[PDB]
>>> print(open('entry39.pdb').read())   # PDB, C-alpha atoms
ATOM      1  CA  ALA A  74     -15.689 136.811-113.533
ATOM      2  CA  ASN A  75     -19.254 136.121-114.708
ATOM      3  CA  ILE A  76     -18.004 132.581-115.347
ATOM      4  CA  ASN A  77     -19.566 131.942-111.922
ATOM      5  CA  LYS A  78     -22.901 131.897-113.777
ATOM      6  CA  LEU A  79     -21.763 129.035-115.990
ATOM      7  CA  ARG A  80     -20.479 127.057-113.005
ATOM      8  CA  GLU A  81     -23.866 127.524-111.361
ATOM      9  CA  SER A  82     -25.626 126.313-114.506
ATOM     10  CA  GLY A  83     -23.404 123.234-114.439
ATOM     11  CA  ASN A  84     -24.140 122.944-110.736
ATOM     12  CA  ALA A  85     -27.853 122.900-111.594
ATOM     13  CA  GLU A  86     -27.343 120.057-114.064
ATOM     14  CA  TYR A  87     -25.360 118.229-111.395
ATOM     15  CA  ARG A  88     -28.389 118.031-109.060
ATOM     16  CA  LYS A  89     -30.610 116.762-111.854
ATOM     17  CA  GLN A  90     -28.131 113.876-112.118
ATOM     18  CA  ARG A  91     -27.507 114.686-115.803
ATOM     19  CA  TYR A  92     -23.785 114.871-115.090
ATOM     20  CA  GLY A  93     -22.621 115.000-118.711
ATOM     21  CA  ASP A  94     -24.264 118.355-119.360
ATOM     22  CA  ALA A  95     -22.790 119.596-116.086
ATOM     23  CA  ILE A  96     -19.386 118.481-117.344
ATOM     24  CA  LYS A  97     -19.939 120.481-120.524
ATOM     25  CA  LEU A  98     -20.975 123.628-118.639
ATOM     26  CA  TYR A  99     -18.056 123.335-116.213
ATOM     27  CA  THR A 100     -15.788 122.863-119.221
ATOM     28  CA  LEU A 101     -17.170 125.998-120.848
ATOM     29  CA  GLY A 102     -16.493 127.860-117.618
ATOM     30  CA  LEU A 103     -12.935 126.595-117.717
ATOM     31  CA  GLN A 104     -12.451 127.704-121.324
ATOM     32  CA  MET A 105     -13.860 131.133-120.518
ATOM     33  CA  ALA A 106     -11.326 131.196-117.706
ATOM     34  CA  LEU A 107      -8.319 129.922-119.668
ATOM     35  CA  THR A 108      -8.749 132.045-122.796
ATOM     36  CA  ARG A 109      -7.951 135.319-121.026
ATOM     37  CA  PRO A 110      -4.821 137.109-122.273
ATOM     38  CA  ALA A 111      -1.666 136.321-120.292
ATOM     39  CA  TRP A 112      -1.337 139.911-119.083
ATOM     40  CA  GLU A 113      -4.665 139.986-117.274
ATOM     41  CA  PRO A 114      -4.703 139.571-113.481
ATOM     42  CA  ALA A 115      -5.133 135.859-112.799
ATOM     43  CA  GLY A 116      -6.351 135.564-109.180
ATOM     44  CA  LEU A 117      -9.984 136.540-109.635
ATOM     45  CA  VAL A 118     -10.360 133.698-112.095
ATOM     46  CA  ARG A 119      -8.069 131.541-109.929
ATOM     47  CA  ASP A 120     -10.653 130.923-107.228
ATOM     48  CA  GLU A 121     -13.313 130.239-109.861
ATOM     49  CA  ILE A 122     -11.032 127.732-111.591
ATOM     50  CA  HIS A 123     -10.367 125.833-108.361
ATOM     51  CA  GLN A 124     -14.147 125.609-107.985
ATOM     52  CA  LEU A 125     -14.816 124.574-111.596
ATOM     53  CA  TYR A 126     -12.167 121.888-111.474
ATOM     54  CA  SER A 127     -13.381 120.481-108.153
ATOM     55  CA  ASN A 128     -17.053 120.375-109.208
ATOM     56  CA  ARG A 129     -16.215 118.855-112.606
ATOM     57  CA  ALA A 130     -14.167 116.242-110.798
ATOM     58  CA  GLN A 131     -17.193 115.320-108.674
ATOM     59  CA  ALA A 132     -19.531 115.054-111.690
ATOM     60  CA  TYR A 133     -16.914 112.947-113.485
ATOM     61  CA  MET A 134     -16.798 110.644-110.456
ATOM     62  CA  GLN A 135     -20.583 110.324-110.564
ATOM     63  CA  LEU A 136     -20.039 109.133-114.123
ATOM     64  CA  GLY A 137     -17.623 106.529-112.781
ATOM     65  CA  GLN A 138     -14.508 107.572-114.684
ATOM     66  CA  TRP A 139     -11.690 108.152-112.218
ATOM     67  CA  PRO A 140      -8.631 109.288-114.229
ATOM     68  CA  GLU A 141     -10.343 112.458-115.482
ATOM     69  CA  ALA A 142     -11.661 113.221-112.005
ATOM     70  CA  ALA A 143      -8.241 112.673-110.396
ATOM     71  CA  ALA A 144      -6.704 115.053-112.936
ATOM     72  CA  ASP A 145      -9.389 117.711-112.392
ATOM     73  CA  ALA A 146      -9.075 117.387-108.610
ATOM     74  CA  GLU A 147      -5.304 117.806-108.844
ATOM     75  CA  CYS A 148      -5.739 120.940-110.965
ATOM     76  CA  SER A 149      -8.151 122.262-108.349
ATOM     77  CA  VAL A 150      -5.522 121.665-105.667
ATOM     78  CA  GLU A 151      -2.879 123.357-107.836
ATOM     79  CA  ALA A 152      -5.120 126.396-108.137
ATOM     80  CA  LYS A 153      -6.054 126.240-104.450
ATOM     81  CA  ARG A 154      -3.692 124.385-102.148
ATOM     82  CA  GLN A 155      -5.377 125.157 -98.814
ATOM     83  CA  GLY A 156      -9.059 125.742 -98.072
ATOM     84  CA  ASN A 157      -9.946 123.193-100.721
ATOM     85  CA  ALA A 158     -10.500 120.012 -98.709
ATOM     86  CA  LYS A 159     -13.042 118.516-101.101
ATOM     87  CA  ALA A 160     -10.528 118.461-103.956
ATOM     88  CA  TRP A 161      -7.977 116.626-101.808
ATOM     89  CA  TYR A 162     -10.714 114.162-100.962
ATOM     90  CA  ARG A 163     -11.741 113.579-104.573
ATOM     91  CA  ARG A 164      -8.258 112.931-105.886
ATOM     92  CA  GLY A 165      -7.632 110.614-102.934
ATOM     93  CA  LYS A 166     -10.797 108.638-103.606
ATOM     94  CA  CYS A 167     -10.032 108.459-107.334
ATOM     95  CA  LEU A 168      -6.570 107.074-106.629
ATOM     96  CA  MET A 169      -8.227 104.534-104.347
ATOM     97  CA  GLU A 170     -10.741 103.494-107.019
ATOM     98  CA  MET A 171      -7.888 103.123-109.496
ATOM     99  CA  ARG A 172      -6.327 100.651-107.050
ATOM    100  CA  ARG A 173      -3.517 103.146-106.454
ATOM    101  CA  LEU A 174      -3.585 102.935-102.672
ATOM    102  CA  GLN A 175      -0.068 103.982-101.626
ATOM    103  CA  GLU A 176      -0.180 107.211-103.632
ATOM    104  CA  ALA A 177      -3.672 107.866-102.293
ATOM    105  CA  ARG A 178      -2.273 107.520 -98.770
ATOM    106  CA  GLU A 179       0.526 109.966 -99.516
ATOM    107  CA  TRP A 180      -1.919 112.408-101.106
ATOM    108  CA  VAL A 181      -4.465 112.474 -98.271
ATOM    109  CA  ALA A 182      -1.681 112.626 -95.671
ATOM    110  CA  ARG A 183      -0.457 115.782 -97.417
ATOM    111  CA  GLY A 184      -3.932 117.272 -97.668
ATOM    112  CA  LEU A 185      -4.434 116.852 -93.934
ATOM    113  CA  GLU A 186      -1.195 118.674 -93.172
ATOM    114  CA  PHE A 187      -2.868 121.542 -95.009
ATOM    115  CA  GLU A 188      -6.356 121.454 -93.491
ATOM    116  CA  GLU A 190     -11.639 119.537 -91.627
ATOM    117  CA  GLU A 191      -9.796 116.399 -90.899
ATOM    118  CA  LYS A 192     -13.130 114.710 -90.573
ATOM    119  CA  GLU A 193     -13.908 113.864 -94.154
ATOM    120  CA  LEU A 194     -10.329 113.462 -95.130
ATOM    121  CA  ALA A 195      -9.275 111.572 -92.088
ATOM    122  CA  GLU A 196     -11.914 108.890 -92.287
ATOM    123  CA  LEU A 197     -10.938 108.635 -95.973
ATOM    124  CA  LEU A 198      -7.259 108.194 -94.927
ATOM    125  CA  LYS A 199      -8.178 105.727 -92.163
ATOM    126  CA  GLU A 200     -10.084 103.688 -94.725
ATOM    127  CA  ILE A 201      -7.065 103.804 -97.055
ATOM    128  CA  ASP A 202      -4.459 102.376 -94.653
ATOM    129  CA  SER A 203      -7.145  99.900 -93.468
ATOM    130  CA  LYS A 204      -7.442  98.564 -97.010
ATOM    131  CA  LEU A 205      -3.611  98.542 -97.112
ATOM    132  CA  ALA A 206      -3.611  96.297 -94.031
ATOM    133  CA  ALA A 207      -6.013  93.961 -95.836
ATOM    134  CA  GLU A 208      -3.507  93.593 -98.699
ATOM    135  CA  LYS A 209      -0.459  93.099 -96.477
ATOM    136  CA  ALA A 210      -2.150  90.235 -94.670
ATOM    137  CA  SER A 211      -2.904  88.367 -97.932
ATOM    138  CA  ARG A 212       0.662  88.892 -99.123
ATOM    139  CA  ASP A 213       1.979  87.112 -96.059
ATOM    140  CA  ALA A 214      -0.345  84.152 -96.318
ATOM    141  CA  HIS A 215       0.389  83.741-100.011
ATOM    142  CA  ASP A 216       3.891  82.398 -99.569
ATOM    143  CA  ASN A 217       3.764  81.837 -95.842
ATOM    144  CA  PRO A 220       9.772  85.974 -91.196
ATOM    145  CA  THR A 221      13.372  86.973 -91.895
ATOM    146  CA  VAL A 222      13.320  89.753 -89.279
ATOM    147  CA  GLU A 223      13.431  87.404 -86.295
ATOM    148  CA  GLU A 224      16.166  85.309 -87.875
ATOM    149  CA  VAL A 225      19.676  85.911 -86.654
ATOM    150  CA  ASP A 226      22.822  85.994 -88.784
TER     151      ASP A 226
ATOM    152  CA  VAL B  68      41.102  76.951 -85.366
ATOM    153  CA  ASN B  69      42.691  80.314 -86.189
ATOM    154  CA  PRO B  70      44.872  82.307 -83.781
ATOM    155  CA  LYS B  71      43.265  85.333 -85.407
ATOM    156  CA  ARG B  72      40.919  87.564 -83.435
ATOM    157  CA  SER B  73      38.259  87.420 -86.160
ATOM    158  CA  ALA B  74      37.791  83.650 -86.147
ATOM    159  CA  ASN B  75      37.376  83.443 -82.368
ATOM    160  CA  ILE B  76      34.949  86.362 -82.348
ATOM    161  CA  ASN B  77      33.083  84.627 -85.151
ATOM    162  CA  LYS B  78      33.065  81.439 -83.113
ATOM    163  CA  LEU B  79      31.496  83.380 -80.263
ATOM    164  CA  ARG B  80      28.821  84.763 -82.573
ATOM    165  CA  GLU B  81      27.974  81.333 -84.003
ATOM    166  CA  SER B  82      27.625  79.913 -80.478
ATOM    167  CA  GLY B  83      25.336  82.833 -79.767
ATOM    168  CA  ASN B  84      23.183  82.079 -82.798
ATOM    169  CA  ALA B  85      23.009  78.391 -81.922
ATOM    170  CA  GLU B  86      21.745  79.197 -78.439
ATOM    171  CA  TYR B  87      19.365  81.696 -80.024
ATOM    172  CA  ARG B  88      17.836  79.064 -82.294
ATOM    173  CA  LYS B  89      17.394  76.755 -79.299
ATOM    174  CA  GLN B  90      15.471  79.651 -77.739
ATOM    175  CA  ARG B  91      18.076  79.982 -74.991
ATOM    176  CA  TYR B  92      18.085  83.754 -75.293
ATOM    177  CA  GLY B  93      20.018  84.662 -72.126
ATOM    178  CA  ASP B  94      22.913  82.394 -73.010
ATOM    179  CA  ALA B  95      22.889  83.895 -76.503
ATOM    180  CA  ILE B  96      23.121  87.361 -74.982
ATOM    181  CA  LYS B  97      26.090  86.371 -72.815
ATOM    182  CA  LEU B  98      27.875  84.878 -75.807
ATOM    183  CA  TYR B  99      27.207  87.944 -77.973
ATOM    184  CA  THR B 100      28.529  90.037 -75.092
ATOM    185  CA  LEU B 101      31.719  87.985 -74.924
ATOM    186  CA  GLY B 102      32.091  88.449 -78.688
ATOM    187  CA  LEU B 103      31.651  92.208 -78.312
ATOM    188  CA  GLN B 104      34.330  92.210 -75.654
ATOM    189  CA  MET B 105      36.769  90.473 -77.970
ATOM    190  CA  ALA B 106      35.845  92.903 -80.743
ATOM    191  CA  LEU B 107      36.064  96.096 -78.697
ATOM    192  CA  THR B 108      39.311  95.363 -76.832
ATOM    193  CA  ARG B 109      41.191  95.543 -80.124
ATOM    194  CA  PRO B 110      43.798  98.345 -79.920
ATOM    195  CA  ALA B 111      43.516 101.429 -82.138
ATOM    196  CA  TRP B 112      46.824 100.591 -83.819
ATOM    197  CA  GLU B 113      45.434  97.282 -85.052
ATOM    198  CA  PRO B 114      43.793  96.808 -88.466
ATOM    199  CA  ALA B 115      40.151  97.862 -88.165
ATOM    200  CA  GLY B 116      39.144  95.232 -90.690
ATOM    201  CA  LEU B 117      37.282  91.937 -90.509
ATOM    202  CA  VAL B 118      37.267  92.226 -86.718
ATOM    203  CA  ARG B 119      35.412  95.555 -86.989
ATOM    204  CA  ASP B 120      32.935  93.917 -89.362
ATOM    205  CA  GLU B 121      31.803  91.591 -86.566
ATOM    206  CA  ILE B 122      30.556  94.530 -84.477
ATOM    207  CA  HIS B 123      27.398  95.558 -86.358
ATOM    208  CA  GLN B 124      26.397  91.888 -86.536
ATOM    209  CA  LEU B 125      27.008  91.215 -82.842
ATOM    210  CA  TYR B 126      25.045  94.312 -81.900
ATOM    211  CA  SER B 127      22.131  93.569 -84.220
ATOM    212  CA  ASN B 128      22.027  89.951 -82.983
ATOM    213  CA  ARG B 129      22.133  90.822 -79.302
ATOM    214  CA  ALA B 130      19.389  93.384 -79.951
ATOM    215  CA  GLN B 131      17.209  90.650 -81.447
ATOM    216  CA  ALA B 132      17.896  88.338 -78.495
ATOM    217  CA  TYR B 133      16.951  91.200 -76.184
ATOM    218  CA  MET B 134      13.672  91.710 -78.059
ATOM    219  CA  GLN B 135      12.909  88.041 -77.473
ATOM    220  CA  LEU B 136      13.028  88.849 -73.722
ATOM    221  CA  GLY B 137      10.874  91.967 -74.026
ATOM    222  CA  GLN B 138      13.803  94.131 -72.977
ATOM    223  CA  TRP B 139      13.247  96.974 -75.414
ATOM    224  CA  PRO B 140      15.626  99.738 -74.191
ATOM    225  CA  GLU B 141      18.690  97.480 -74.208
ATOM    226  CA  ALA B 142      17.806  96.171 -77.653
ATOM    227  CA  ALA B 143      17.248  99.717 -78.896
ATOM    228  CA  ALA B 144      20.716 100.771 -77.793
ATOM    229  CA  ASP B 145      22.247  97.654 -79.350
ATOM    230  CA  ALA B 146      20.503  98.232 -82.666
ATOM    231  CA  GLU B 147      21.558 101.880 -82.553
ATOM    232  CA  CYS B 148      25.189 100.808 -82.109
ATOM    233  CA  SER B 149      24.815  98.361 -84.976
ATOM    234  CA  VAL B 150      23.503 101.077 -87.271
ATOM    235  CA  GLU B 151      26.355 103.335 -86.104
ATOM    236  CA  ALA B 152      28.864 100.625 -86.987
ATOM    237  CA  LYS B 153      27.174 100.123 -90.345
ATOM    238  CA  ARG B 154      24.706 102.512 -92.017
ATOM    239  CA  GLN B 155      24.009 100.753 -95.328
ATOM    240  CA  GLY B 156      23.241  97.059 -95.719
ATOM    241  CA  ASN B 157      21.916  96.691 -92.185
ATOM    242  CA  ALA B 158      18.136  96.792 -92.580
ATOM    243  CA  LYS B 159      17.526  94.475 -89.634
ATOM    244  CA  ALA B 160      19.206  96.901 -87.217
ATOM    245  CA  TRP B 161      17.162  99.910 -88.368
ATOM    246  CA  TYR B 162      14.104  97.720 -88.165
ATOM    247  CA  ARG B 163      14.840  96.322 -84.732
ATOM    248  CA  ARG B 164      15.325  99.731 -83.180
ATOM    249  CA  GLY B 165      12.185 100.905 -84.983
ATOM    250  CA  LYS B 166      10.071  98.230 -83.302
ATOM    251  CA  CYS B 167      11.839  98.824 -79.993
ATOM    252  CA  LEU B 168      10.852 102.491 -80.093
ATOM    253  CA  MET B 169       7.347 101.372 -81.037
ATOM    254  CA  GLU B 170       7.083  99.120 -77.966
ATOM    255  CA  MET B 171       8.316 101.997 -75.806
ATOM    256  CA  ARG B 172       5.342 104.108 -76.937
ATOM    257  CA  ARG B 173       7.677 106.458 -78.817
ATOM    258  CA  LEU B 174       6.052 106.598 -82.248
ATOM    259  CA  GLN B 175       7.392 109.793 -83.870
ATOM    260  CA  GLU B 176      10.963 108.893 -82.936
ATOM    261  CA  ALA B 177      10.463 105.494 -84.551
ATOM    262  CA  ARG B 178       8.899 107.208 -87.565
ATOM    263  CA  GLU B 179      11.850 109.430 -88.121
ATOM    264  CA  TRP B 180      14.234 106.625 -87.386
ATOM    265  CA  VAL B 181      12.631 104.307 -89.831
ATOM    266  CA  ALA B 182      12.468 106.933 -92.556
ATOM    267  CA  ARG B 183      16.008 107.965 -92.038
ATOM    268  CA  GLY B 184      16.994 104.390 -92.059
ATOM    269  CA  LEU B 185      15.174 103.900 -95.240
ATOM    270  CA  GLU B 186      17.113 106.485 -97.113
ATOM    271  CA  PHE B 187      20.231 105.743 -95.401
ATOM    272  CA  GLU B 188      20.649 102.156 -96.254
ATOM    273  CA  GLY B 189      17.842 100.789 -98.394
ATOM    274  CA  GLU B 190      14.872 101.110-100.630
ATOM    275  CA  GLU B 191      13.919  97.629 -99.162
ATOM    276  CA  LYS B 192      10.455  96.622 -98.135
ATOM    277  CA  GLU B 193      10.634  95.449 -94.493
ATOM    278  CA  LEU B 194      11.630  98.809 -93.113
ATOM    279  CA  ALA B 195       8.887 100.333 -95.253
ATOM    280  CA  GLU B 196       6.209  97.886 -94.080
ATOM    281  CA  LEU B 197       7.131  98.803 -90.511
ATOM    282  CA  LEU B 198       6.960 102.511 -91.430
ATOM    283  CA  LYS B 199       3.497 102.129 -92.901
ATOM    284  CA  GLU B 200       2.531 100.467 -89.618
ATOM    285  CA  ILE B 201       3.971 103.434 -87.684
ATOM    286  CA  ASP B 202       1.933 105.939 -89.712
ATOM    287  CA  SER B 203      -1.302 103.960 -89.314
ATOM    288  CA  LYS B 204      -0.742 103.792 -85.556
ATOM    289  CA  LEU B 205       0.034 107.524 -85.380
ATOM    290  CA  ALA B 206      -3.065 108.502 -87.335
ATOM    291  CA  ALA B 207      -5.320 106.234 -85.254
ATOM    292  CA  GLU B 208      -3.836 107.484 -81.979
ATOM    293  CA  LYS B 209      -4.256 111.151 -82.869
ATOM    294  CA  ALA B 210      -7.744 110.214 -83.989
ATOM    295  CA  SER B 211      -8.704 108.962 -80.497
ATOM    296  CA  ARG B 212      -6.845 111.764 -78.653
ATOM    297  CA  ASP B 213      -8.267 114.506 -80.960
ATOM    298  CA  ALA B 214     -11.852 113.167 -81.197
ATOM    299  CA  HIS B 215     -12.526 112.591 -77.499
ATOM    300  CA  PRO B 220     -22.732 110.458 -75.896
ATOM    301  CA  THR B 221     -25.850 108.626 -74.628
ATOM    302  CA  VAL B 222     -25.518 105.141 -76.220
ATOM    303  CA  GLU B 223     -21.998 104.878 -74.830
ATOM    304  CA  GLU B 224     -23.353 105.128 -71.266
ATOM    305  CA  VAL B 225     -24.009 101.877 -69.427
ATOM    306  CA  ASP B 226     -27.158 101.276 -67.381
TER     307      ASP B 226
END
>>> encode(input="entry39.pdb", output="structure tokens")
Amino acid sequence: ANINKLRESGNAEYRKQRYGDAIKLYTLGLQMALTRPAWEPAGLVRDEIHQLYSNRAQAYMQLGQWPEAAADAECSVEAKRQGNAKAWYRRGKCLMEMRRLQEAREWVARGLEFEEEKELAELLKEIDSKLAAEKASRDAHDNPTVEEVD
Amino acid sequence: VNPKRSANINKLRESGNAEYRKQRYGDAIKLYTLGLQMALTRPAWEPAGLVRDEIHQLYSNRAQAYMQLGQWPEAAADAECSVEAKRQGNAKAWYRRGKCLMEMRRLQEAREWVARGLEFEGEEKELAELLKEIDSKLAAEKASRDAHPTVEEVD
């Protein structure tokens, strides 16, 4: 599992803000992870893959492209469902930036059931706050059936 | 001017709604109650038809009138009876009880009720908007309880 090395190299490039190169190194790590024969034990490389996906998602976000990052984050969560709060966060935020608020809400709400609520929970709070903002505008737009009696 | 049970019950309900729209809520409640008496005194060996249809409507209506007087428990029971009389196509009843449980500081019960209601009768927004509200309120609450500092002190 010397793929760790590659991740670290990518990690280096991440701090230098040259995120593209970090993406490439993370990607190489992933390929070195995914090209193992099917009959090799998979867990060792499992943890590493959750890490590689999460980190590549963050770099991708720094580049401002959300679909890729959401995908990567989701793969990270699929490789590690619990203990991986950052990945939950990143997919949530991506969904928010893609104006996909409801699904973001669902996602974070799930993540929190698993976990650290601090990062995630303010993220969630912010999500249903934004949601409130929309609901308000929707009412004003056309100007109450619930009170009405049939 | 039918001799039928249904038309007189219906009359009762319309009177109730009229008094409701004039914001005479107590009178509306008494009329709805009369209507429910006419509906419920129908013998078992009678056709459980258009008379039995009036029940979910009377209950939902009286629940609303109760909510206009801040009387949440009563309304909650009425709405529950309405939903019992009619699962699907009765979004207002589900809703009304949902809000009643909300006002009675019983959030999880309302949450489950609203969700169940959602499957059970609709895919319709209003229930869902209320549900979203319930979840926001839950989260915030458990935030203050769970979170529990010098600036905060007063001098």
>>> interface_residues(input="entry39.pdb", of="chain B", to="chain A", cutoff="10 Å", atoms="all atoms listed in the file", output="number ranges by chain")
B: 80-81, 83-85, 87-88, 124-125, 127-129, 131-132, 134-135, 158-160, 162-163, 193-194, 196, 199-200, 202-204, 206-207, 210, 214
>>> write_last_selection(input="entry39.pdb", atoms="C-alpha atoms", output="short mmCIF file (atom, residue, chain, number, x, y, z; two decimals), keeping the file's coordinate frame")
data_model
loop_
_atom_site.label_atom_id
_atom_site.label_comp_id
_atom_site.auth_asym_id
_atom_site.auth_seq_id
_atom_site.Cartn_x
_atom_site.Cartn_y
_atom_site.Cartn_z
CA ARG B 80 28.82 84.76 -82.57
CA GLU B 81 27.97 81.33 -84.00
CA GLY B 83 25.34 82.83 -79.77
CA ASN B 84 23.18 82.08 -82.80
CA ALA B 85 23.01 78.39 -81.92
CA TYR B 87 19.36 81.70 -80.02
CA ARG B 88 17.84 79.06 -82.29
CA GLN B 124 26.40 91.89 -86.54
CA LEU B 125 27.01 91.22 -82.84
CA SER B 127 22.13 93.57 -84.22
CA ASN B 128 22.03 89.95 -82.98
CA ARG B 129 22.13 90.82 -79.30
CA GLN B 131 17.21 90.65 -81.45
CA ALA B 132 17.90 88.34 -78.50
CA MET B 134 13.67 91.71 -78.06
CA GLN B 135 12.91 88.04 -77.47
CA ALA B 158 18.14 96.79 -92.58
CA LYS B 159 17.53 94.48 -89.63
CA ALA B 160 19.21 96.90 -87.22
CA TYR B 162 14.10 97.72 -88.16
CA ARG B 163 14.84 96.32 -84.73
CA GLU B 193 10.63 95.45 -94.49
CA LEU B 194 11.63 98.81 -93.11
CA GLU B 196 6.21 97.89 -94.08
CA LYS B 199 3.50 102.13 -92.90
CA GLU B 200 2.53 100.47 -89.62
CA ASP B 202 1.93 105.94 -89.71
CA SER B 203 -1.30 103.96 -89.31
CA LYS B 204 -0.74 103.79 -85.56
CA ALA B 206 -3.06 108.50 -87.34
CA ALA B 207 -5.32 106.23 -85.25
CA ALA B 210 -7.74 110.21 -83.99
CA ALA B 214 -11.85 113.17 -81.20
#
>>> residues_around(input="entry39.pdb", residues="residue 166 (chain A)", least_positions_apart="4", cutoff="10 Å", atoms="only C-alpha atoms", output="JSON, numbers by chain")
{"A": [134, 139, 142, 143, 160, 161, 162, 170, 171, 172, 173, 174, 177, 178, 180, 181, 194, 197, 198, 201]}
>>> residues_near_point(input="entry39.pdb", point="(30.1, 90.7, -79.6)", cutoff="8 Å", atoms="only C-alpha atoms", output="MDAnalysis selection string")
chainID B and resid 76 79:80 98:106 121:122 124:126 129
>>> closest_residue(input="entry39.pdb", among="A:74, A:118, A:132, A:125", to="residue 86 (chain A)", atoms="all atoms listed in the file")
A:132
>>> resolve_selection(input="entry39.pdb", expression="the PyMOL selection byres ((chain A and resi 152) around 10)", output="compact mmCIF listing (two decimals) with C-alpha atoms, in the coordinates of the input")
# COMPACT_ATOMS: atom_id res chain seq x y z
CA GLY A 116 -6.35 135.56 -109.18
CA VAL A 118 -10.36 133.70 -112.10
CA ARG A 119 -8.07 131.54 -109.93
CA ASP A 120 -10.65 130.92 -107.23
CA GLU A 121 -13.31 130.24 -109.86
CA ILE A 122 -11.03 127.73 -111.59
CA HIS A 123 -10.37 125.83 -108.36
CA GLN A 124 -14.15 125.61 -107.98
CA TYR A 126 -12.17 121.89 -111.47
CA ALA A 146 -9.07 117.39 -108.61
CA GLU A 147 -5.30 117.81 -108.84
CA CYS A 148 -5.74 120.94 -110.96
CA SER A 149 -8.15 122.26 -108.35
CA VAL A 150 -5.52 121.66 -105.67
CA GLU A 151 -2.88 123.36 -107.84
CA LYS A 153 -6.05 126.24 -104.45
CA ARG A 154 -3.69 124.38 -102.15
CA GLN A 155 -5.38 125.16 -98.81
CA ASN A 157 -9.95 123.19 -100.72
>>> residues_around(input="entry39.pdb", residues="residue 76 (chain A)", least_positions_apart="4", cutoff="7 Å", atoms="all atoms listed in the file", output="PyMOL selection string")
chain A and resi 80+102+105
>>> build_atoms(input="entry39.pdb", residues="region 172-185 of chain A", atoms="N, CA and C atoms", output="mmCIF file, in the frame of the given file")
data_model
loop_
_atom_site.group_PDB
_atom_site.id
_atom_site.type_symbol
_atom_site.label_atom_id
_atom_site.label_comp_id
_atom_site.auth_asym_id
_atom_site.auth_seq_id
_atom_site.Cartn_x
_atom_site.Cartn_y
_atom_site.Cartn_z
ATOM 1 N N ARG A 172 -7.178 101.621 -107.740
ATOM 2 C CA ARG A 172 -6.327 100.651 -107.050
ATOM 3 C C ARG A 172 -4.911 101.186 -106.868
ATOM 4 N N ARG A 173 -4.802 102.497 -106.683
ATOM 5 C CA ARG A 173 -3.517 103.146 -106.454
ATOM 6 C C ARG A 173 -3.458 103.639 -105.009
ATOM 7 N N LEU A 174 -3.357 102.686 -104.090
ATOM 8 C CA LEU A 174 -3.585 102.935 -102.672
ATOM 9 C C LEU A 174 -2.466 103.711 -101.981
ATOM 10 N N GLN A 175 -1.221 103.331 -102.247
ATOM 11 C CA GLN A 175 -0.068 103.982 -101.626
ATOM 12 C C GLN A 175 -0.047 105.485 -101.921
ATOM 13 N N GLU A 176 -0.208 105.822 -103.196
ATOM 14 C CA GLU A 176 -0.180 107.211 -103.632
ATOM 15 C C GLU A 176 -1.379 107.978 -103.086
ATOM 16 N N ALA A 177 -2.497 107.278 -102.920
ATOM 17 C CA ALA A 177 -3.672 107.866 -102.293
ATOM 18 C C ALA A 177 -3.342 108.248 -100.859
ATOM 19 N N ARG A 178 -2.702 107.321 -100.151
ATOM 20 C CA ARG A 178 -2.273 107.520 -98.770
ATOM 21 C C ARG A 178 -1.411 108.766 -98.648
ATOM 22 N N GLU A 179 -0.368 108.815 -99.472
ATOM 23 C CA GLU A 179 0.526 109.966 -99.516
ATOM 24 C C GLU A 179 -0.268 111.259 -99.720
ATOM 25 N N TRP A 180 -1.115 111.246 -100.746
ATOM 26 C CA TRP A 180 -1.919 112.408 -101.106
ATOM 27 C C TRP A 180 -2.759 112.929 -99.936
ATOM 28 N N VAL A 181 -3.602 112.068 -99.375
ATOM 29 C CA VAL A 181 -4.465 112.474 -98.271
ATOM 30 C C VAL A 181 -3.653 112.964 -97.072
ATOM 31 N N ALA A 182 -2.568 112.251 -96.770
ATOM 32 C CA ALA A 182 -1.681 112.626 -95.671
ATOM 33 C C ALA A 182 -1.147 114.053 -95.852
ATOM 34 N N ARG A 183 -0.850 114.413 -97.094
ATOM 35 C CA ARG A 183 -0.457 115.782 -97.417
ATOM 36 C C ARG A 183 -1.611 116.766 -97.161
ATOM 37 N N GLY A 184 -2.748 116.444 -97.780
ATOM 38 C CA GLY A 184 -3.932 117.272 -97.668
ATOM 39 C C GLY A 184 -4.257 117.644 -96.239
ATOM 40 N N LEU A 185 -4.116 116.668 -95.346
ATOM 41 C CA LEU A 185 -4.434 116.852 -93.934
ATOM 42 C C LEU A 185 -3.455 117.780 -93.242
#
